[PDB]
$ cat start18.csv   # CSV, C-alpha atoms
chain,number,residue,atom,x,y,z
A,163,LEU,CA,-28.9,-7.3,-30.7
A,164,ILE,CA,-28.0,-5.2,-27.7
A,165,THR,CA,-28.0,-1.5,-28.8
A,166,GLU,CA,-27.4,1.5,-26.5
A,167,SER,CA,-31.1,2.2,-27.1
A,168,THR,CA,-31.9,-1.1,-25.1
A,169,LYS,CA,-33.8,-0.7,-21.8
A,170,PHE,CA,-32.6,-2.2,-18.5
A,171,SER,CA,-35.8,-4.4,-18.6
A,172,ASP,CA,-34.6,-6.2,-21.7
A,173,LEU,CA,-31.0,-7.1,-20.7
A,174,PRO,CA,-29.7,-10.8,-20.3
A,175,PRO,CA,-29.9,-11.5,-16.5
A,176,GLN,CA,-26.1,-12.1,-16.3
A,177,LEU,CA,-25.4,-8.6,-17.8
A,178,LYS,CA,-28.3,-7.3,-15.6
A,179,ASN,CA,-26.5,-8.7,-12.5
A,180,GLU,CA,-23.0,-7.3,-13.5
A,181,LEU,CA,-24.7,-3.8,-14.0
A,182,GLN,CA,-26.1,-4.1,-10.4
A,183,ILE,CA,-22.6,-4.8,-9.2
A,184,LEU,CA,-21.2,-1.8,-11.2
A,185,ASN,CA,-24.0,0.6,-9.9
A,186,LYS,CA,-23.0,-0.5,-6.3
A,187,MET,CA,-19.3,0.3,-7.0
A,188,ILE,CA,-20.1,3.8,-8.3
A,189,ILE,CA,-22.3,4.5,-5.2
A,190,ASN,CA,-19.4,3.0,-3.1
A,191,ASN,CA,-17.1,5.8,-4.2
A,192,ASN,CA,-19.7,8.5,-3.1
A,193,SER,CA,-20.0,6.8,0.4
A,194,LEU,CA,-16.1,6.9,0.7
B,521,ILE,CA,-29.7,1.8,-5.8
B,522,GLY,CA,-31.1,-0.9,-8.2
B,523,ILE,CA,-31.2,0.4,-11.8
B,524,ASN,CA,-34.7,1.5,-12.9
B,525,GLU,CA,-36.2,-1.0,-15.4
B,526,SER,CA,-37.5,1.8,-17.7
B,527,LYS,CA,-34.0,3.4,-18.3
B,528,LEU,CA,-32.0,3.2,-21.6
B,529,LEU,CA,-28.5,1.7,-21.4
B,530,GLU,CA,-27.2,4.8,-23.3
B,531,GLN,CA,-28.5,7.1,-20.5
B,532,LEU,CA,-27.1,4.9,-17.8
B,533,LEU,CA,-23.7,4.7,-19.4
B,534,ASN,CA,-23.5,8.5,-19.9
B,535,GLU,CA,-24.8,9.1,-16.3
B,536,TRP,CA,-22.1,6.7,-14.9
B,537,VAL,CA,-19.3,8.3,-17.1
B,538,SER,CA,-20.2,11.7,-15.7
B,539,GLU,CA,-20.1,10.4,-12.1
B,540,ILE,CA,-16.8,8.5,-12.7
B,541,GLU,CA,-15.2,11.8,-13.9
B,542,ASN,CA,-16.6,13.7,-10.9
B,543,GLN,CA,-15.2,11.0,-8.6
B,544,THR,CA,-11.9,11.1,-10.6
B,545,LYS,CA,-11.6,14.9,-9.8
B,546,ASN,CA,-12.5,14.6,-6.1
B,547,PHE,CA,-10.1,11.6,-5.7
B,548,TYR,CA,-7.1,13.7,-6.9
B,549,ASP,CA,-8.1,16.9,-4.9
B,550,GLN,CA,-8.7,14.7,-1.7
B,551,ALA,CA,-5.5,12.8,-2.2
B,552,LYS,CA,-3.6,16.2,-2.8
B,553,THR,CA,-5.2,17.5,0.5
B,554,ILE,CA,-3.9,14.3,2.3
B,555,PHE,CA,-0.4,15.0,0.8
B,556,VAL,CA,-0.4,18.6,2.2
B,557,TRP,CA,-1.3,17.1,5.7
B,558,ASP,CA,1.7,14.6,5.3
C,197,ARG,CA,-18.1,-8.4,-28.9
C,198,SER,CA,-20.7,-5.6,-29.5
C,199,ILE,CA,-19.3,-2.0,-29.1
C,200,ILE,CA,-21.3,-1.9,-25.7
C,201,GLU,CA,-19.7,-5.1,-24.3
C,202,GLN,CA,-16.4,-3.2,-24.8
C,203,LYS,CA,-17.5,0.4,-23.7
C,204,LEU,CA,-18.9,-1.1,-20.4
C,205,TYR,CA,-15.8,-3.4,-19.8
C,206,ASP,CA,-13.0,-0.9,-20.5
C,207,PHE,CA,-15.1,1.5,-18.3
C,208,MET,CA,-15.2,-1.2,-15.5
C,209,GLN,CA,-11.4,-1.6,-16.0
C,210,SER,CA,-11.1,2.3,-15.4
C,211,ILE,CA,-12.8,2.0,-11.9
C,212,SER,CA,-11.1,-1.2,-10.7
C,213,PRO,CA,-8.0,-0.8,-8.4
C,214,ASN,CA,-6.7,-4.2,-9.6
C,215,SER,CA,-6.5,-2.7,-13.2
C,216,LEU,CA,-3.3,-1.3,-14.7
C,217,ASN,CA,-5.7,1.3,-16.4
C,218,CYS,CA,-7.4,2.6,-13.1
C,219,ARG,CA,-8.3,6.4,-13.3
C,220,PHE,CA,-7.6,6.5,-9.5
C,221,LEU,CA,-3.8,6.4,-9.0
C,222,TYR,CA,-2.2,8.8,-6.5
C,223,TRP,CA,1.4,8.5,-5.4
C,224,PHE,CA,2.1,9.1,-1.7
C,225,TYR,CA,5.4,8.8,0.2
C,226,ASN,CA,5.9,7.1,3.6
C,227,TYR,CA,8.9,7.7,6.0
C,228,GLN,CA,11.1,4.7,7.1
C,229,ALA,CA,11.9,5.0,10.9
C,230,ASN,CA,14.7,2.3,10.7
C,231,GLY,CA,17.3,5.1,10.1
C,232,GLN,CA,18.8,2.7,7.4
C,233,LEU,CA,19.5,4.1,3.9
C,234,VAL,CA,17.5,2.0,1.4
C,235,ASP,CA,18.7,1.3,-2.2
C,236,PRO,CA,15.7,2.4,-4.5
C,237,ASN,CA,16.6,-0.6,-6.8
C,238,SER,CA,15.7,-2.9,-3.9
C,239,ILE,CA,12.1,-1.5,-3.4
C,240,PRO,CA,9.7,-4.2,-4.8
C,241,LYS,CA,7.3,-2.5,-7.3
C,242,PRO,CA,3.6,-2.7,-6.2
C,243,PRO,CA,1.1,-5.2,-7.8
C,244,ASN,CA,-1.3,-4.0,-10.6
C,245,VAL,CA,1.0,-0.9,-11.5
C,246,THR,CA,2.9,-0.6,-14.8
C,247,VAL,CA,6.7,-0.1,-15.2
C,248,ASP,CA,6.1,3.4,-16.6
C,249,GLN,CA,3.9,4.3,-13.5
C,250,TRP,CA,6.6,3.1,-11.1
C,251,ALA,CA,9.4,4.9,-13.0
C,252,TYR,CA,7.4,8.1,-12.3
C,253,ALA,CA,6.9,7.1,-8.6
C,254,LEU,CA,10.7,6.8,-8.2
C,255,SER,CA,11.5,10.0,-10.2
C,256,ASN,CA,9.1,12.3,-8.2
C,257,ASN,CA,10.1,11.0,-4.7
C,258,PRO,CA,11.1,14.1,-2.6
C,259,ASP,CA,13.8,12.2,-0.7
C,260,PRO,CA,14.8,8.6,-1.9
C,261,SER,CA,17.1,8.3,1.2
C,262,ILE,CA,14.2,7.9,3.7
C,263,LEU,CA,10.8,7.9,1.8
C,264,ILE,CA,9.2,4.9,0.1
C,265,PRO,CA,6.6,5.6,-2.8
C,266,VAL,CA,3.1,4.1,-2.1
C,267,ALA,CA,0.2,3.9,-4.6
C,268,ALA,CA,-3.4,4.7,-3.6
C,269,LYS,CA,-6.2,3.5,-6.1
C,270,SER,CA,-9.5,4.1,-4.2
C,271,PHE,CA,-11.0,6.2,-1.5
C,272,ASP,CA,-10.6,3.1,0.7
C,273,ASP,CA,-6.7,3.5,0.2
C,274,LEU,CA,-7.1,7.3,0.8
C,275,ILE,CA,-8.9,6.7,4.2
C,276,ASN,CA,-6.6,3.7,5.1
C,277,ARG,CA,-4.0,6.6,5.1
C,278,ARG,CA,-6.3,9.5,6.5
C,279,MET,CA,-7.0,7.5,9.7
C,280,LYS,CA,-3.2,7.2,10.2
C,281,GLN,CA,-2.8,10.9,9.9
C,282,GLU,CA,-5.4,11.2,12.7
C,283,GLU,CA,-3.5,8.4,14.6
C,284,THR,CA,-0.3,10.5,14.1
C,285,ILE,CA,-2.0,13.8,15.0
C,286,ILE,CA,-3.2,12.4,18.4
C,287,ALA,CA,0.3,11.0,19.2
C,288,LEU,CA,2.0,14.3,18.0
C,289,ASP,CA,-0.3,16.5,20.2
C,290,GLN,CA,0.1,14.2,23.3
C,291,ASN,CA,4.0,14.5,23.1
C,292,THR,CA,3.6,18.3,22.5
C,293,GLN,CA,1.3,18.7,25.6
C,294,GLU,CA,3.7,16.6,27.7
D,244,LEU,CA,-36.2,3.9,-3.6
D,245,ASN,CA,-33.1,6.1,-3.8
D,246,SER,CA,-32.9,7.3,-0.2
D,247,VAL,CA,-33.5,3.8,1.4
D,248,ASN,CA,-30.8,2.4,-1.1
D,249,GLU,CA,-28.2,5.0,0.1
D,250,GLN,CA,-28.6,4.3,3.8
D,251,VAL,CA,-28.5,0.5,2.9
D,252,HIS,CA,-25.1,1.3,1.3
D,253,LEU,CA,-23.6,3.6,4.0
D,254,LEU,CA,-24.4,0.8,6.5
D,255,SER,CA,-22.5,-1.7,4.2
D,256,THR,CA,-19.1,0.1,3.9
D,257,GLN,CA,-19.3,0.4,7.7
D,258,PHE,CA,-18.4,4.0,7.2
D,259,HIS,CA,-18.5,6.3,10.2
D,260,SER,CA,-18.9,9.7,8.4
D,261,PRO,CA,-16.6,12.1,10.5
D,262,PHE,CA,-19.0,14.8,9.6
D,263,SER,CA,-21.8,12.8,11.2
D,264,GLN,CA,-25.0,13.2,9.2
D,265,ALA,CA,-27.1,16.1,10.7
D,266,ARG,CA,-29.8,15.1,13.1
D,267,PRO,CA,-32.6,14.4,12.3
D,268,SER,CA,-31.7,13.4,8.7
D,269,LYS,CA,-33.2,15.5,5.9
D,270,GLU,CA,-35.4,12.6,4.8
D,271,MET,CA,-37.1,12.7,8.3
D,272,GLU,CA,-37.6,16.5,7.8
D,273,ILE,CA,-39.3,15.5,4.5
D,274,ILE,CA,-41.3,12.6,6.1
D,275,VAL,CA,-42.8,15.1,8.7
D,276,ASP,CA,-43.7,17.5,5.9
D,277,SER,CA,-45.2,14.5,3.9
D,278,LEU,CA,-47.5,14.0,7.0
D,279,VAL,CA,-48.5,17.8,6.9
D,280,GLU,CA,-49.4,17.6,3.2
D,281,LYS,CA,-51.7,14.6,3.9
D,282,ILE,CA,-53.2,16.4,7.0
D,283,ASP,CA,-54.0,19.5,4.9
D,284,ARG,CA,-55.4,17.3,2.1
D,285,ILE,CA,-57.8,15.8,4.7
D,286,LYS,CA,-58.7,19.4,5.9
D,287,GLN,CA,-59.4,20.5,2.3
D,288,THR,CA,-61.5,17.3,1.8
D,289,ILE,CA,-63.6,17.9,5.0
D,290,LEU,CA,-64.2,21.5,3.8
D,291,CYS,CA,-65.4,20.1,0.4
$ encode --input "start18.csv" --output "structure tokens"
Amino acid sequence: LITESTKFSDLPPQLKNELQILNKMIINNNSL
Amino acid sequence: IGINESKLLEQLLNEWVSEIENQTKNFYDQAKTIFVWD
Amino acid sequence: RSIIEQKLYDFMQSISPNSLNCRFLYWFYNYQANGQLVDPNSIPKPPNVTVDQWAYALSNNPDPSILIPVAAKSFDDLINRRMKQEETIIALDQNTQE
Amino acid sequence: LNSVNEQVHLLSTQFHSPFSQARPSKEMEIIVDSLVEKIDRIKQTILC
């Protein structure tokens, strides 16, 4: 499964991409 | 930042929830400051 | 879904300005230099805002005769208005000095 | 990894911070002290 105890290493590369869009959006707000 | 490959998804979600509530606060206080300048 | 595939998605729908559920939603008011009284029932409700959120934007407008309610939903929207306060400050000083 | 990734992001919103970042930047302060700590590691190696 995915559990919340899953590491970023292990994640399906689609979810791993969307998470690296989300991490950019959160940093975006600090820049603004 | 690219997410560190060793991190747990639970840690990353709680880290991002904390930052979104910090950003939520500062959005309303900055927008309230803009409203006083209006 | 899993619980996680919902936690993360409803969270992403809390940041996104295209969401009805955005945590960022300020209500500004902008003055209409036409000198023409506007019917508040004629003002076209913004995209991605609920009916309940717009009823609030009309009920807290400090003068419906001359001010239109405007939503902001990110720091980009805040600074797309902050730069216009500096634009107005520079023009307002220049007419005060003259 | 963090500090390079923030300057990569600031230079992607095209955001002129009105409070201009102080000059030199605090990571350049830290880079010069990172040269001192290597220099004094060399001194303490010569003396050993």
$ residues_around --input "start18.csv" --residues "residue B:549" --least-positions-apart "6" --cutoff "12 Å" --atoms "all atoms listed in the file" --output "ChimeraX atom specification"
/B:542-543,555-556 /C:220,222,271,274
$ closest_atom_pairs --input "start18.csv" --of "chain D" --to "chain C" --cutoff "12 Å" --atoms "only C-alpha atoms" --output "tab-separated table"
residue	atom	partner	partner_atom	distance
D:256	CA	C:272	CA	9.6
D:257	CA	C:272	CA	11.5
D:258	CA	C:272	CA	10.2
D:259	CA	C:275	CA	11.3
D:260	CA	C:275	CA	11.3
D:261	CA	C:279	CA	10.7
$ interface_residues --input "start18.csv" --of "chain C" --to "chain A" --cutoff "12 Å" --atoms "only C-alpha atoms" --output "ChimeraX atom specification"
/C:197-201,203-205,207-213,220,269-276,278
$ closest_atom_pairs --input "start18.csv" --of "chain D" --to "chain B" --cutoff "9 Å" --atoms "all atoms listed in the file" --output "Markdown table"
| residue | atom | partner | partner_atom | distance |
| --- | --- | --- | --- | --- |
| D:244 | CA | B:521 | CA | 7.2 |
| D:245 | CA | B:521 | CA | 5.8 |
| D:246 | CA | B:521 | CA | 8.5 |
| D:247 | CA | B:521 | CA | 8.4 |
| D:248 | CA | B:521 | CA | 4.9 |
| D:249 | CA | B:521 | CA | 6.9 |
| D:251 | CA | B:521 | CA | 8.9 |
| D:252 | CA | B:521 | CA | 8.5 |
$ interface_residues --input "start18.csv" --of "chain A" --to "chain B" --cutoff "6 Å" --atoms "all atoms listed in the file" --output "list in words"
residues 166, 167, 168, 169, 170 and 171 of chain A
